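Heads up, the thing below is written out as structure tokens.
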Amino acid sequence: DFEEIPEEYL
Amino acid sequence: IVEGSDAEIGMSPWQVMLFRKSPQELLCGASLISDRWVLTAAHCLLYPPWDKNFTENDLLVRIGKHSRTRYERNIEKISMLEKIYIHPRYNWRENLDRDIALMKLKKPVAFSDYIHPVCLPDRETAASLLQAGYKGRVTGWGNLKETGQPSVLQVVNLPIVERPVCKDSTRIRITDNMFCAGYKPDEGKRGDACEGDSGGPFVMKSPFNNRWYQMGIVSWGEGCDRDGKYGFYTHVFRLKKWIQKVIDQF
Amino acid sequence: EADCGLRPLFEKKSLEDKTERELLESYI
Ligand SMILES: *[C@](=O)([C]([C]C1=[C][N]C2=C1[C]=[C][C]=[C]2)[N]C(=O)[C]1[C][C][C]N1C(=O)[C]([C]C1=[C][C]=[C][C]=[C]1)[N][C])C(F)(F)C(F)(F)F
Ligand code: NA
């Protein structure tokens, strides 16, 4: 249930 | 953490979260010891019995966190790893002896109110503070029970236990590179680390210069918060020569 | 490091966290 992190970090 | 409490903001600015890129998941705890060095348990990366063997590219390091699951915009910083260094004599086969590993970050992190490194002990600090009865502090986002998962970082203060008691509580062979901590059944207080807390810091505050020092790394236990059982930690000072070494070169 | 172990929101402001006294009180 983790929130998505920005693609910049993959 | 079992029987702990929510951490205050900025209370453990050295706390790091090991995060798996895919599937996105919490792997372990860790600590910031410099702008580009993170200290953790070797078993967080390498543990053959569970088919665990992570390479630099499989992971991300999330620094400055409080919330376990939310991407804390403008507060946390996510770093990629340049290299992983596992102690050459780490014993994953038997008792997790020398359970320690260093991770070098691709780029240095900028410190802030929520990101700041912990100190590593020196001979005298270790001698003075590492005494049965003295309390340390463990923090992590691990399981709240077992033997569920918290919303925010948890914290628990635990007393160091005498070596003989540590040995007599388990069938596992204990070495000098470990120490155990927890309350005895007759003390009326509880608390322990648990699954997911692995790799996190056991810190103590020096009464001489008022700095926080990392004395241990959450390593293993047999059931979280069981009477007569204790958590075991990697003795950071006993392995300090290796740390200086790896940071000296590389 | 160099300023390691001194937390920006506590030691640096001379503010103590909720349970640190428990630790100091055990260092007998
Ligand atoms: C890791 O979080 C946990 C930390 C942990 C679980 N319970 C506990 C802990 C620390 C202090 C007190 C209580 N570590 C483990 O589960 C480790 C990893 C390998 C096996 N293990 C154990 O604790 C075993 C006991 C053992 C000891 C030595 C050799 C073999 C077996 N008991 C469960 C984590 F490992 F779970 C992880 F990194 F998050 F995965
Ligand atoms: Na024993």
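By order in the structure tokens, chains are A, B, ...; within a chain, residues start at 1; ligands start at 1, following the order shown.
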May I ask you to write as a PDB file with N, CA and C atoms, in the first residue's frame all residues lying at most 8 Å from ligand 1, with only C-alpha atoms and all ligand atoms counted?
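out-v3.pdb, written as the output of this step:
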```pdb
ATOM      1  N   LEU B  27      12.150  -3.068   2.432  1.00  0.00           N
ATOM      2  CA  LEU B  27      13.060  -4.190   2.620  1.00  0.00           C
ATOM      3  C   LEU B  27      13.652  -4.242   4.041  1.00  0.00           C
ATOM      4  N   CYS B  28      14.168  -3.101   4.501  1.00  0.00           N
ATOM      5  CA  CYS B  28      14.836  -3.011   5.796  1.00  0.00           C
ATOM      6  C   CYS B  28      15.036  -1.576   6.264  1.00  0.00           C
ATOM      7  N   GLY B  29      15.575  -1.467   7.477  1.00  0.00           N
ATOM      8  CA  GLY B  29      15.930  -0.192   8.054  1.00  0.00           C
ATOM      9  C   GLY B  29      17.413  -0.021   7.719  1.00  0.00           C
ATOM     10  N   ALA B  41      22.316  -4.009   7.831  1.00  0.00           N
ATOM     11  CA  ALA B  41      22.626  -5.410   8.119  1.00  0.00           C
ATOM     12  C   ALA B  41      22.917  -6.123   6.805  1.00  0.00           C
ATOM     13  N   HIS B  43      22.375  -9.072   6.039  1.00  0.00           N
ATOM     14  CA  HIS B  43      21.286  -9.965   5.671  1.00  0.00           C
ATOM     15  C   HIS B  43      20.124  -9.284   4.946  1.00  0.00           C
ATOM     16  N   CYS B  44      20.129  -7.954   4.929  1.00  0.00           N
ATOM     17  CA  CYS B  44      19.090  -7.215   4.234  1.00  0.00           C
ATOM     18  C   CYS B  44      19.304  -7.345   2.743  1.00  0.00           C
ATOM     19  N   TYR B  47      21.005 -13.138   1.720  1.00  0.00           N
ATOM     20  CA  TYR B  47      20.525 -14.193   2.601  1.00  0.00           C
ATOM     21  C   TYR B  47      19.987 -15.356   1.761  1.00  0.00           C
ATOM     22  N   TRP B  92      26.187 -16.060   6.957  1.00  0.00           N
ATOM     23  CA  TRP B  92      24.762 -16.240   6.726  1.00  0.00           C
ATOM     24  C   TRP B  92      24.344 -17.675   6.944  1.00  0.00           C
ATOM     25  N   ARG B  93      25.320 -18.580   6.936  1.00  0.00           N
ATOM     26  CA  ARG B  93      25.060 -20.001   7.105  1.00  0.00           C
ATOM     27  C   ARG B  93      24.653 -20.425   8.491  1.00  0.00           C
ATOM     28  N   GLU B  94      25.189 -19.773   9.508  1.00  0.00           N
ATOM     29  CA  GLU B  94      24.874 -20.204  10.853  1.00  0.00           C
ATOM     30  C   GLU B  94      24.186 -19.242  11.823  1.00  0.00           C
ATOM     31  N   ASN B  95      24.889 -18.195  12.250  1.00  0.00           N
ATOM     32  CA  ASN B  95      24.348 -17.281  13.249  1.00  0.00           C
ATOM     33  C   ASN B  95      24.326 -15.790  12.887  1.00  0.00           C
ATOM     34  N   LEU B  96      24.483 -15.462  11.607  1.00  0.00           N
ATOM     35  CA  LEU B  96      24.499 -14.058  11.171  1.00  0.00           C
ATOM     36  C   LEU B  96      25.637 -13.266  11.806  1.00  0.00           C
ATOM     37  N   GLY B 142       8.968  -1.753  11.050  1.00  0.00           N
ATOM     38  CA  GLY B 142       8.642  -3.164  11.035  1.00  0.00           C
ATOM     39  C   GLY B 142       7.340  -3.501  11.716  1.00  0.00           C
ATOM     40  N   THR B 147       5.682 -13.096  16.224  1.00  0.00           N
ATOM     41  CA  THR B 147       6.617 -13.845  17.034  1.00  0.00           C
ATOM     42  C   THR B 147       7.084 -15.064  16.251  1.00  0.00           C
ATOM     43  N   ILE B 172      21.153 -20.674  19.556  1.00  0.00           N
ATOM     44  CA  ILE B 172      22.062 -20.132  18.544  1.00  0.00           C
ATOM     45  C   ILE B 172      23.397 -19.734  19.169  1.00  0.00           C
ATOM     46  N   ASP B 192      10.385  -4.596  21.681  1.00  0.00           N
ATOM     47  CA  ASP B 192      11.377  -5.342  20.938  1.00  0.00           C
ATOM     48  C   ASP B 192      11.266  -4.900  19.491  1.00  0.00           C
ATOM     49  N   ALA B 193      12.207  -5.344  18.674  1.00  0.00           N
ATOM     50  CA  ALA B 193      12.164  -5.067  17.262  1.00  0.00           C
ATOM     51  C   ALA B 193      11.366  -6.246  16.714  1.00  0.00           C
ATOM     52  N   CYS B 194      11.128  -6.256  15.418  1.00  0.00           N
ATOM     53  CA  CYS B 194      10.373  -7.348  14.828  1.00  0.00           C
ATOM     54  C   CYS B 194      10.676  -7.353  13.335  1.00  0.00           C
ATOM     55  N   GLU B 195       9.998  -8.224  12.594  1.00  0.00           N
ATOM     56  CA  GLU B 195      10.207  -8.323  11.156  1.00  0.00           C
ATOM     57  C   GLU B 195      10.079  -6.964  10.491  1.00  0.00           C
ATOM     58  N   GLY B 196      11.036  -6.624   9.633  1.00  0.00           N
ATOM     59  CA  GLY B 196      11.004  -5.340   8.945  1.00  0.00           C
ATOM     60  C   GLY B 196      11.904  -4.291   9.578  1.00  0.00           C
ATOM     61  N   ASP B 197      12.261  -4.492  10.846  1.00  0.00           N
ATOM     62  CA  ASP B 197      13.145  -3.596  11.572  1.00  0.00           C
ATOM     63  C   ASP B 197      14.616  -3.883  11.277  1.00  0.00           C
ATOM     64  N   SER B 198      14.897  -5.076  10.753  1.00  0.00           N
ATOM     65  CA  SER B 198      16.252  -5.500  10.386  1.00  0.00           C
ATOM     66  C   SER B 198      17.021  -4.381   9.744  1.00  0.00           C
ATOM     67  N   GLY B 199      18.301  -4.268  10.100  1.00  0.00           N
ATOM     68  CA  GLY B 199      19.162  -3.255   9.519  1.00  0.00           C
ATOM     69  C   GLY B 199      19.085  -1.880  10.137  1.00  0.00           C
ATOM     70  N   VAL B 218      20.092  -3.660  14.084  1.00  0.00           N
ATOM     71  CA  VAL B 218      19.064  -4.687  14.315  1.00  0.00           C
ATOM     72  C   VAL B 218      19.398  -5.918  13.461  1.00  0.00           C
ATOM     73  N   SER B 219      19.632  -7.051  14.113  1.00  0.00           N
ATOM     74  CA  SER B 219      20.019  -8.250  13.382  1.00  0.00           C
ATOM     75  C   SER B 219      18.987  -9.383  13.422  1.00  0.00           C
ATOM     76  N   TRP B 220      18.733  -9.959  14.591  1.00  0.00           N
ATOM     77  CA  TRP B 220      17.799 -11.071  14.659  1.00  0.00           C
ATOM     78  C   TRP B 220      17.202 -11.291  16.028  1.00  0.00           C
ATOM     79  N   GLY B 221      16.177 -12.126  16.069  1.00  0.00           N
ATOM     80  CA  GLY B 221      15.532 -12.439  17.329  1.00  0.00           C
ATOM     81  C   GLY B 221      14.700 -13.667  17.059  1.00  0.00           C
ATOM     82  N   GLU B 222      14.187 -14.297  18.100  1.00  0.00           N
ATOM     83  CA  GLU B 222      13.364 -15.488  17.939  1.00  0.00           C
ATOM     84  C   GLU B 222      12.001 -15.117  18.473  1.00  0.00           C
ATOM     85  N   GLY B 223      11.155 -14.599  17.596  1.00  0.00           N
ATOM     86  CA  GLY B 223       9.845 -14.173  18.041  1.00  0.00           C
ATOM     87  C   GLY B 223       9.933 -12.805  18.721  1.00  0.00           C
ATOM     88  N   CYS B 224       9.141 -11.875  18.200  1.00  0.00           N
ATOM     89  CA  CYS B 224       9.101 -10.512  18.694  1.00  0.00           C
ATOM     90  C   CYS B 224       8.434 -10.367  20.043  1.00  0.00           C
ATOM     91  N   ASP B 225       9.174  -9.819  20.991  1.00  0.00           N
ATOM     92  CA  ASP B 225       8.668  -9.559  22.330  1.00  0.00           C
ATOM     93  C   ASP B 225       8.156 -10.799  23.100  1.00  0.00           C
ATOM     94  N   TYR B 230      15.408 -12.239  23.713  1.00  0.00           N
ATOM     95  CA  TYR B 230      15.948 -10.901  23.495  1.00  0.00           C
ATOM     96  C   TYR B 230      16.322 -10.657  22.039  1.00  0.00           C
ATOM     97  N   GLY B 231      16.419  -9.386  21.660  1.00  0.00           N
ATOM     98  CA  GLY B 231      16.785  -9.064  20.300  1.00  0.00           C
ATOM     99  C   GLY B 231      18.293  -9.031  20.256  1.00  0.00           C
ATOM    100  N   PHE B 232      18.867  -9.395  19.118  1.00  0.00           N
ATOM    101  CA  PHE B 232      20.312  -9.404  18.949  1.00  0.00           C
ATOM    102  C   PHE B 232      20.735  -8.373  17.936  1.00  0.00           C
ATOM    103  N   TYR B 233      21.845  -7.713  18.235  1.00  0.00           N
ATOM    104  CA  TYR B 233      22.350  -6.644  17.401  1.00  0.00           C
ATOM    105  C   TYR B 233      23.801  -6.824  17.045  1.00  0.00           C
TER     106      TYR B 233
END
```
Practice problem: Hey, list the chain C side of the contact with chain B: 7 Å cut-off, only C-alpha atoms, answer as a VMD selection string. | Solution: chain C and resid 1 4 to 9 17 23 to 24 26 to 27
Exercise. Give the residues close to ligand 2, within 12 Å, counting only C-alpha atoms and all ligand atoms; write them as a ChimeraX atom specification.
Key: /B:163-175,228-229
Each residue of chain B lying at most 7 Å from chain A should get a row with its shortest atom-to-atom pair and the distance in Å to one decimal, counting only C-alpha atoms; could you produce that, ordered by chain and increasing number, as a Markdown table?
```
| residue | atom | partner | partner_atom | distance |
| --- | --- | --- | --- | --- |
| B:21 | CA | A:10 | CA | 6.9 |
| B:69 | CA | A:2 | CA | 4.3 |
| B:70 | CA | A:3 | CA | 4.9 |
| B:71 | CA | A:3 | CA | 5.8 |
```
Print the selection's residues with C-alpha atoms to a file, as a short mmCIF file (atom, residue, chain, number, x, y, z; two decimals), in the first residue's frame.
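In the end it all went to result35.cif:
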```cif
data_model
loop_
_atom_site.label_atom_id
_atom_site.label_comp_id
_atom_site.auth_asym_id
_atom_site.auth_seq_id
_atom_site.Cartn_x
_atom_site.Cartn_y
_atom_site.Cartn_z
CA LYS B 21 12.14 -0.75 -6.83
CA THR B 69 4.03 4.36 2.92
CA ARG B 70 3.59 7.89 1.58
CA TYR B 71 6.10 9.57 -0.76
#
```
Quiz prompt | For residue B:87: contacts at 7 Å, only C-alpha atoms, fewer than 2 positions along chain excluded, given as a ChimeraX atom specification | solution = /B:85,89-90,98,100-101
For those residues, write N, CA and C atoms to a file as a PDB file, in the first residue's frame.
```
ATOM      1  N   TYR B  85      28.873  -2.960  -0.138  1.00  0.00           N
ATOM      2  CA  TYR B  85      30.019  -3.617   0.465  1.00  0.00           C
ATOM      3  C   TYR B  85      29.548  -4.443   1.648  1.00  0.00           C
ATOM      4  N   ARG B  89      33.492 -11.724   5.858  1.00  0.00           N
ATOM      5  CA  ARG B  89      33.286 -12.868   6.739  1.00  0.00           C
ATOM      6  C   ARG B  89      31.907 -12.987   7.394  1.00  0.00           C
ATOM      7  N   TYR B  90      30.918 -12.345   6.780  1.00  0.00           N
ATOM      8  CA  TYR B  90      29.535 -12.386   7.238  1.00  0.00           C
ATOM      9  C   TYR B  90      29.098 -13.856   7.162  1.00  0.00           C
ATOM     10  N   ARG B  98      28.880 -11.087  12.107  1.00  0.00           N
ATOM     11  CA  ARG B  98      29.387 -10.004  11.252  1.00  0.00           C
ATOM     12  C   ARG B  98      28.303  -9.570  10.258  1.00  0.00           C
ATOM     13  N   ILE B 100      26.867  -7.044   8.797  1.00  0.00           N
ATOM     14  CA  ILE B 100      27.044  -5.621   8.536  1.00  0.00           C
ATOM     15  C   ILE B 100      27.340  -5.378   7.064  1.00  0.00           C
ATOM     16  N   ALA B 101      26.899  -4.231   6.542  1.00  0.00           N
ATOM     17  CA  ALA B 101      27.116  -3.872   5.142  1.00  0.00           C
ATOM     18  C   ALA B 101      27.068  -2.362   4.967  1.00  0.00           C
TER      19      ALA B 101
END
```
Quiz item: Hey, which of B:3, B:242, B:110, B:144 ends up closest to residue B:189? Count only C-alpha atoms.
Solution: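 Closest to residue B:189, using only C-alpha atoms: B:3.
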